[PDB]
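Just the one chain here, laid out as structure tokens, in the form deposited in one PDB entry.
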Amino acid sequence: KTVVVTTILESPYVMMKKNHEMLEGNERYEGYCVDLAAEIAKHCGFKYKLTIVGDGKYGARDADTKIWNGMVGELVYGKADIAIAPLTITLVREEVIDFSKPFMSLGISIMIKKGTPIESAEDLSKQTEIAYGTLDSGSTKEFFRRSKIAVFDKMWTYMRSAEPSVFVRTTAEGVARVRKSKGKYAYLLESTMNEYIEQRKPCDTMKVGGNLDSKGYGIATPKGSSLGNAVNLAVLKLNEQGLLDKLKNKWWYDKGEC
């Protein structure tokens, strides 16, 4: 009856509300995905419960164990009915879960501490002074692991063998490493998160160069779910009405601190 929604604490998508300890259920959270969940639910005609993914991950299949972790895993093993998060539509995921058409368009980009002598991915690859990494488990990490393009293969080769590790557990961890490294650490993350951080105090980071690829985030459901068709139509209806753009403006730029 009540649709269990799996999501992830990733700003500005889902964040803990100021006085959440005094609130209950869905009212404990706020963010772009919280506003979107409320809308997809209204339009699809269902009651839901927001749940933060237990392992705090997006979703990857473990090569040795074959188990799916993160939000994807919660959908695959039936722990959740739908995932409303900045979850990238990829081929390996679409083979096990269903995705609506994209609700947000993005691409991998570079986050530097202001003043870092880096203008592109080619620049990162051609040097060693400045370290660079990605989110440990996710679509960005896989983009480099599977890239046939020379510049990205070179970047991956360095990243996988770099010590100490250049990969981080969460986006926030990557952002702090950038901020605390005096320009000695650049971070590869999706343009959406980069643009969000670029508008947050201490206003010391910046997105550089173009996007490395083009892709989208989709609302995910288990393969052959009943909700699939309706949520896809809701995403299309809401994009066409201007809500998705309105929501990105609200959480990224309207509340900008820089």
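Think of the rigid core as the biggest set of C-alphas that the two forms share within 1.5 Å after superposition. Just count from 1 along the sequence shown to find any residue number.
One more form of this protein exists, namely the form deposited in another entry; it is left out here, but the text below deals with it.
In the core-superposed comparison between the shown form and the other one, the C-alpha atom of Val96 has shifted by less than 2 angstroms. Remark: with the core as the superposition reference, the CA shift of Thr205 between the shown form and the other one reaches 2 Å or more. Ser105 shows a C-alpha shift below 2 Å between the shown form and the other one [criterion: core-superposed Cα displacement of 2 Å].
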